[PDB]
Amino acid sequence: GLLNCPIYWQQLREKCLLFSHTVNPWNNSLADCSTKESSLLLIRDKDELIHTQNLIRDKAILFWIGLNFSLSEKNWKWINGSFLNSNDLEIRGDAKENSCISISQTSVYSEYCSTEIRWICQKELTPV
């Protein structure tokens, strides 16, 4: 209505973001975003990573993003079907079966996909 993003979402440049208040494994986080007619967070570059991190106050909290390990292809792939195409995220940890990517205020971590953490959904105001 009034603002570009709906109630409870936060605008950050060309995206509306929803930071969850509950926890889920990665696959349930994806389901949640879909239910809310949104995507798990896709991070275009380092600059976007840093601006998103600058919204987070609590330095200890992890959030799933829309990237996980494809075992058959042995690399990180976004839910839009693309391979990770740069090192802008400086992922910390192992690239192995049943791993998924999370972010905190300061870092980006590989975590087992069964781990129960918060998640970030996006709606694009100006898609590519």
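Residues carry their position along the shown sequence, with the first being 1.
Asker: Looking only at CA atoms, which has the higher mean B factor in the entry: 75-83 or 49-57?
Answerer: According to the entry, 49-57 carries the higher average C-alpha B-factor.
Asker: Which is higher on mean Cα B factor in this entry, 33-41 or 99-107?
Answerer: Per the PDB record, 99-107.
Asker: Lowest, middle or highest third: which one holds residue 122 when the chain's residues are ordered by CA B-factor from the entry?
Answerer: Lowest third, going by the recorded CA B-factors of the chain.
Asker: Based on the entry's values, in what third of the chain does the Cα temperature factor of residue 91 lie: lowest, middle or highest?
Answerer: Highest third - that is where residue 91 ends up once the chain's C-alpha B-factors are sorted.
Asker: Split the chain's modelled residues into thirds by Cα B-factor; is residue 22 in the lowest, middle or highest one?
Answerer: It falls in the top third of the chain.
Asker: Compared with the other modelled residues in the chain, in which third is the CA B-factor of residue 115?
Answerer: Highest third - that is where residue 115 ends up once the chain's C-alpha B-factors are sorted.
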